């Protein structure tokens, strides 16, 4: 388990986000599963400090996901700080210290909300470097392709090798420096006082990269995804095209699985072992069993059994539950319906609010009109209209082109189709030409 | 407004295009909306010179889009020059001067047709540099990863830092040099005469890049698209994957919109504000209202209302007009049909040549056979066959599995479905086994 | 024709593949059409040596595709070597020499099975370099962004410019060095003996790149595909997005064809001239005629005629045979069925195990239930159920919503649909409100 000593972490999410050009606040923008605020707060919760406070601008819209949805899921209390007037980064940290007690002793960690790739390891290295030299200020730094340097390689100040914006302060030195505006000046005053100033270098520049516009958001969204796709490949996932395959956080994929280009695994998608995920597939919070094929499928909040063939051209809606060895073929839509083990729903069908038994069959061009219940080993005919509610017994049959409105007994044929009538030489009388010649 | 002084621009599109390996001429190849000829002529029309002439090889196929479709849209007359025999670039410019009067005074700008990324700003900088030093010849140059240089950094000649192929001549010097073969020799003779030769450097190398093969066409097609996608992101468009998102010229996207990977916005596509464009979506000349969702849709020449849900698995055909809050669900095809405000067409449907009123409903597995008119607040049943023409009154109903051939009165049920008949113990007699046990 | 002198090639595919994290052996992993073993053995068969032997670890699963499927297709006998205990690369080559006669005279070529991009040209250059200097050992080398060097630029030894792992030995020197463990030591002993050691440099580093994990497999899968897509573009294929377009080996594309992003041409796909391949299209072993449009199609083992419109939203299954000018529209599924010349199957249809004549028409929302035969110039109505077997004569008709069970005579109407019945003011009595007001 990874954890620091006595530390307090301040999150700075008080920026207006004018460069984003959005009505929805900058820090609440989602990438690869979670929002930018969620990415920062999760990394700090991994190490778990003594205090965690977030500074906010327009707070009321941001105070809903924070504390309510974030702190309750993580399992620890997070405080909220309010900035009165946007003056600078130094004033924002001062507003974060107001929630902290006046007689606090532990270290202060300064972090930004618009840094989604910042993980626990980078934050743990900052605190470890801070304790080693016993410095008043420890700053994370990285190299690019704005840290000022003298002549004999020493740290001085920052002039928008580069400054990341992530800091580690001693509260005894931070309170004294802010009393005498930007946060970059705090380091300059501490240097003038003769305090130890240290710079910890991060080799991976993408971790401490900030987001100002939607270009930089997509630059890091493609970056964060690249690490996840590669991590599954090393674990045992055959990804054909990593550039088009999108995998969010918490998404788990099984051993020896093939994922084809254009696939988006979103939310909390679970994939079993030896699965063939086809091209152009979108899944969100969908559980997939072992050996199941998911080709060309648009799924959301669904469950697929072991060795089940889903697709192509399948649309799944919240509440879909396909069993083992069950088949969902082409042009099939399922909404809030439970499908049994070995049941095949192949051609041009819609199953809405229904329960189907084991090893049954649904006829082509059949729809469930809106609870309907179908038994086991039931072969329903093609173009079968289901007017809810209908209870079908086990082992029953249905004719081709049958409108079912009432209950069907176990082992009984349901028919309403009109018998075929042929009129010879009708084309020769009705049609003057075209398909009439020759007959 | 941007405009030069007294200038005449010559476009060189007389190349055979053997490297392209195409029956269709090189310069007529389209990328990101417009053709290569259209990209060049639009950039020159932005600044608008006194004269514009295009030199052509096989003219008759190229003279149709030029003058007829190009000059009429821009609003200014363009002349056509014909090359008798492909001798070189110097002879091609001489053929361009033949359309110009013998007593012309203004400057001559030389440009190539196979340079699609060449914009107005690069051409405006060339003329401004040409007027400043009062040079006889001004040439655009760029750096690569074939300009000849002496020893004290001076311009001499060109030996297939690099030559772009875009020139600015003084007509008094151009007419005199061509009288005494390639266009690169003209600069060499002017240098020997003692005339001022100037080179204007372009920092962006992609702007003056030429196309010889279909590889270079795709290299610049991915380049031109990269700038457009990024421009929308800075404006206020959340693009998930810029590499798979294709946006043509004239295509406008609204504020705070989400576009998912695999989306192609082609032609003159318009997107409103706060729209959710789903994965694998193709739209060409389709107008989309504010807050509308377009997921997994193949659209061409259509209109989508405000807050309307289109998709997934929807195919739109020229003449489709969906109103506000209207829903086009899964596996739906619409051809030349007007759909009212709040009308839902959800499952496995085809609406061809029909007019539907406000807040109506279309049953699942129903098709419009080929003008049909549906009223407002009309709930048509599932598997409803529409034999054109049918006029349905406001507030009417239709049964499940009904073939409608005649007009339906306002507030009237249309039924032709056969009633359900159940035969008990049919499976036990007809089938020897399988679903018979147990019943 | 390219061919070496007297040479024997040993393939080393005895690695366990623990880094792959797969139940299926490393060398049997497929990329861009063929497996890694198939890619190596095809390149050696192009030049065709006197002897070819493959060393294996767990042989019984790998001995099935090898010799049986590989040697029979190429047309020459390949031997199988078995490794008793994984000791090293030097022991693996010694196990390869056991299949060779004790009095063999020709050269020995050492190659790895996990090198898919290794072509015939790289192997031909190795043997040509080996014969020129008459060296005992000739090794292929490349530059990266582990060959040991002295001071005056000479070859010594290898310390996991770089070592590729591909060798060329003289059998008189190879047998003597292995008698006195890794294969890298063999070069070191030969250098100590005073034998000539030569290094042939390969400018293209991707050719001799090895695969250990699924990341490197995808790194070379995207690399190999990039060369193929570019090769078609130079030949005469307009590819919009090369990054998303996947083209396997043996796949041939015609002249002046347009391929849209998200297309996967797999197996032995054939494309005619002037074809428009739409976005999100997957084809495997599918033949496409000249001028045919394949948009948004999931095809496998099918045939498309000249100038035939397939798509969008079409799913093709093994046995599909569409003729010339035939149309397969939106939401159509075809399984093991022959479709005639000029036959249109447009909306929401399934054609399973059927034969349709020339210039016929299939109604919307119609399915073929399971051999069915349809004649020429036959216009079947919408929602037509086909209960196999049904023989339809030439020029026959079918009503809208007709269940066909028996044979239809040439030029005869088939009807089973119930006539429309209208009940006026039904909504006013049955429904208390909603669509009732106003009527």
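Chains as they are written, first to last, in the deposited numbering: chain A, 1 to 145, 152 to 165, 167, 179 to 198, 208 to 397, 405 to 473; chain A', 1 to 145, 152 to 165, 167, 179 to 198, 208 to 397, 405 to 473; chain A'', 1 to 145, 152 to 165, 167, 179 to 198, 208 to 397, 405 to 473. A prime marks a further copy of an entry chain.
For every residue, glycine included, the Cβ atom is placed at its ideal position computed from N, Cα and C.
Measuring alpha carbon to alpha carbon, tell me which of the options ends up nearest residue i.
i	options	result
residue 300 of chain A'	A:10, A:18 and A:23	A:23
residue 164 of chain A	A:428, A:386 and A:224	A:224
residue 392 of chain A	A:383, A:420 and A:381	A:420
residue 239 of chain A'	A':36, A':461, A':444 and A':465	A':36
residue 139 of chain A''	A'':303, A'':228, A'':325 and A'':14	A'':228
residue 109 of chain A''	A'':12, A'':77, A'':84 and A'':63	A'':12
residue 384 of chain A''	A'':394, A'':367, A'':416 and A'':371	A'':367
residue 143 of chain A'	A':125, A':234 and A':212	A':234
residue 469 of chain A''	A':455, A':431 and A':441	A':431
residue 100 of chain A	A:87, A:79, A:31 and A:194	A:79
residue 287 of chain A'	A':302, A':297 and A':275	A':302
residue 7 of chain A'	A':394, A':131, A':72 and A':237	A':131
residue 311 of chain A	A:305, A:319, A:304 and A:325	A:325
residue 270 of chain A'	A:289, A:264, A:285 and A:267	A:289
residue 471 of chain A	A'':438, A'':427 and A'':462	A'':427
residue 396 of chain A	A:217, A:186, A:360 and A:137	A:360
residue 53 of chain A	A:28, A:73 and A:82	A:82
residue 409 of chain A'	A':279, A':343, A':424 and A':417	A':424
residue 15 of chain A''	A'':39, A'':98 and A'':114	A'':114
Along chain A', which residues have their Cβ under 7 Å away from the Cβ of residue i?
i	result
residue 392 of chain A''	392 and 394
So with Cβ pairs under 7 Å, would you call residue i a contact of chain A?
i	result
residue 469 of chain A'	yes
residue 449 of chain A''	yes
residue 398 of chain A''	Inspection of chain A'' shows residue 397 followed directly by residue 405; residue 398 of chain A'' is thus not represented.
residue 435 of chain A'	yes
residue 185 of chain A''	no
Residues of chain A' with CB under 8 Å from residue i, in chain order?
i	result
residue 261 of chain A''	21, 240, 241 and 242
For residue i, return the contacting residues in chain A, with the cut-off set at a CB-CB distance below 8 Å.
i	result
residue 291 of chain A''	287, 288 and 306
residue 267 of chain A'	245, 248 and 273
Any beta-carbon of chain A'' closer than 7 Å to the one on residue i?
i	result
residue 419 of chain A'	yes
residue 339 of chain A	yes
residue 462 of chain A	yes
residue 334 of chain A	no
residue 30 of chain A'	no
residue 179 of chain A	no
Kindly list, in the order they appear in chain A, the residues whose Cβ is closer than 9 Å to that of residue i.
i	result
residue 375 of chain A'	358, 360, 375, 376, 377, 392 and 394
residue 472 of chain A'	411, 428, 429, 444 and 445
Which chain A'' residues sit within Cβ distance under 7 Å of residue i?
i	result
residue 455 of chain A	449 and 450
residue 416 of chain A'	Going along chain A'', no residue has its Cβ under 7 Å from residue 416 of chain A', so there is no contact; the nearest lies around 11 Å.
Distance cutoff 7 Å, beta carbons only. Does residue i sit that close to anything in chain A'?
i	result
residue 385 of chain A	no
residue 68 of chain A''	no
residue 438 of chain A	yes
residue 2 of chain A	no
residue 296 of chain A	no
Please compile the residues from chain D whose C-beta is within a distance smaller than 9 Å of the C-beta of residue i.
i	result
residue 9 of chain A''	Chain labels in this structure do not include chain D; the protein chains are A, A' and A''.
How would you list, in chain order, the residues of chain A whose beta-carbon sits under 7 Å from the beta-carbon of residue i?
i	result
residue 283 of chain A'	22, 23 and 24
residue 342 of chain A''	339, 340 and 357
Practice prompt. Report the residue ranges of all beta strand (DSSP E) runs contained in full by the segment 317-375 of chain A; include only those spanning at least 3 residues, in chain order.
Written response: 324-327, 341-344 and 359-362
Practice prompt. Can you check the segment 30-114 of chain A'' for any alpha helix (DSSP H) of at least 4 residues that lies completely inside it and give the ranges in chain order?
Written response: 36-47, 70-74 and 89-97
Item to complete: Taking 8 Å as the threshold, find out whether the segment 48-63 of chain A'' comes into contact with the segment 444-456 of chain A' through three or more Cβ pairs.
Response: no
Worksheet item: Are three or more beta carbon pairs between the segment 113-121 of chain A'' and the segment 38-53 of chain A'' nearer than 8 Å?
Response: yes
Discussion item. So within the segment 408-473 of chain A', which uninterrupted alpha helix (DSSP H) runs reach at least 4 residues, ignoring any that extend past its ends?
Written reply: 461-464
Worksheet item: Along the chain, which unbroken stretches of the alpha helix (DSSP H) at least 4 residues long are found entirely within the segment 225-288 of chain A?
Response: 241-262
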